[PDB]
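Below are two forms of the same protein chain, given as structure tokens: structure 1, then structure 2.
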Structure 1
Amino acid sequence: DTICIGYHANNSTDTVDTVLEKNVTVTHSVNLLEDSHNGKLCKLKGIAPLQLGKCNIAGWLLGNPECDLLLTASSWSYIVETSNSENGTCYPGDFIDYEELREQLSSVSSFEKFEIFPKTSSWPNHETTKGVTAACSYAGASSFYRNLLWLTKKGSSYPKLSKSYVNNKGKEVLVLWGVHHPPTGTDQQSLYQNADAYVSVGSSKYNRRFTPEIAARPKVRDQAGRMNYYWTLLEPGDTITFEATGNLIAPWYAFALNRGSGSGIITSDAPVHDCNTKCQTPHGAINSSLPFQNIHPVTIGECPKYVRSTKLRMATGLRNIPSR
């Protein structure tokens, strides 16, 4: 009569690496490495990403004439841009502190576009039409940005303008505007009359002055002039005051804001879906509760630590010796 001591074996083919030995077959194991993605750009924290289509942050903010559809947003957890997202600053020029703005707007709660300085109303004594260009062309015809107004002279006369706005929104107001720098002193006159103009913007925490930088430069989109865009965040209760004698690409539309904690922008061609996720990568969402992933270093959300491993399989069972 006998009795034997012994251990479990099975049909398992799982392998784990140990410190003394590579590739050991074990009866049971768990994976510690996430290496599969979702294929889709998912909702982050209940909310969906802002999609911009063929426009980039600049074009959508400025109101490039190609972004007439995505005039649709209300609150987003992060922003998506695609390979086909080049409609932005159509009139050549520099967008000041652009990366910063892009960073700030990356998540937002209550977001209203509104009419700050109404076109046919706010600017008497000035020429509100004819402020269009072939650079910013719509349906073949020359047009302009939908959110900005290109104020030009009215019968050879540009009287110093002093328009002001008070923030009764109870939230931040993002105000953009631009300053036009003509190519030569000749256009400076046919456009804004006053040979020596200036644009001045002032609020509580913002005081900058701008001045016409007239010069000869190559044509970008068949334009020798340039247009610099500027923004600022007006605090609830504050007043912003535009005072100019020419070169002012005035606000027409502004935005009301509750800025988000701290998200980011992701650039991907993956399809957005109605699904949820705590970790978002450029190629797709990562259903992740495991400590490590090897799908992508850039990420948004509560994400496993990115790692360059291929295999992080951790033994739970014992050495599997079925002895066939």
Structure 2
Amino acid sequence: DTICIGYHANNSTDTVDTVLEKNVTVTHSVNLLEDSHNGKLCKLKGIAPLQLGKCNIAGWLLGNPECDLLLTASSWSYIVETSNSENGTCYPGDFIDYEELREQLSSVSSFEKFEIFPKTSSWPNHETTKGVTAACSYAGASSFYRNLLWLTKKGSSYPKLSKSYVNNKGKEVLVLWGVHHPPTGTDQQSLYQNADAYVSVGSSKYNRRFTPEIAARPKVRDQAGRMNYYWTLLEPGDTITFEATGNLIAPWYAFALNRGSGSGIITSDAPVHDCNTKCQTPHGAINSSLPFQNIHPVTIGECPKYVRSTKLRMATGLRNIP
């Protein structure tokens, strides 16, 4: 009679690497590396992302006429730019501190747009209707940004304007405006009458004065002129004051911002779909409890640690020897 000691083996083909040998077959193991995704863009916390499409952040917030789909947008879980987000500033010029603005936005989860200076009642002494350009066509007509108002001379005069806004929305307000720089002195006169015009803007934190830089530059979208775009976050209770004797592209709509965490801007050409996920990447969503992923370093939500590895399988059972 006899008794023997022994250990389990099975038909398992799982292999793992160890420090002394590679490609070792074991009886059980666990994969620690998620390497699969669903190729779509999904909701998070059940909120759909904002797909900007052909517009970019600048084009969105100014209301480039090419961006009318975005006019109704108010909450999103994150923001998606694509390879074709080319509609931004349609009138050529610099958008000042643009990268910082995007950063601010990476932590805004929703907002309420509102009419800061109603076109019809705020500007009784200035022209509000000739401020369109072939540079911002829409339906083949000269048109303009939906969130800004281009003021020009009435008859043959541009009197000094002074307009202030007090923030009673209970949260930060994003205010955008522009400063126009005609290419010639005679053009300056045609639009604003005054050669020595300036724009001054002030609140508790922002305080800047701008003057027109008139000069010939190469034409961009047919325009030898330029327009600069500026923005500020008006703190609760704060006031913003605009003063100008010309060249001001005044705010029309502004944005009361709701802050969140875990929001962000991603760039992806993957289709948005109605699925829901806890972790989103630019290639597609991940539905995983694995500690690691090698899908993408950019993630929104709660995700596995990104690593370059192609394989992380930890043996749990023993060397498999049938």
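Here, a residue number simply tells you its place in the sequence of structure 1, counted from 1. Only the largest set of C-alpha atoms that superpose within 1.5 Å between the two forms is called the rigid core.
Rigid core superposed between structure 1 and structure 2, residues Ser162, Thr129, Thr72, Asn207 considered: the one with a C-alpha shift of 2 Å or more is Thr72.
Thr267 is not among the residues whose C-alpha shifts by 2 Å or more between structure 1 and structure 2 once the rigid core is aligned; its shift stays under 2 Å. Taking 2 Å as the criterion, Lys45 counts as shifted between structure 1 and structure 2: its C-alpha moves by at least this amount when the rigid core is aligned. Superposed on the core, the two forms barely differ at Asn31: its CA moves less than 2 Å between structure 1 and structure 2. When the rigid core is fitted, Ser110 shows a C-alpha shift of 4.5 Å between structure 1 and structure 2. Here the rigid core is superposed, and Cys90 then shows its C-alpha moved by 0.3 angstrom between structure 1 and structure 2.
Shown is the Cα shift of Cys279 between structure 1 and structure 2 after rigid core superposition, which amounts to 3.0 Å.
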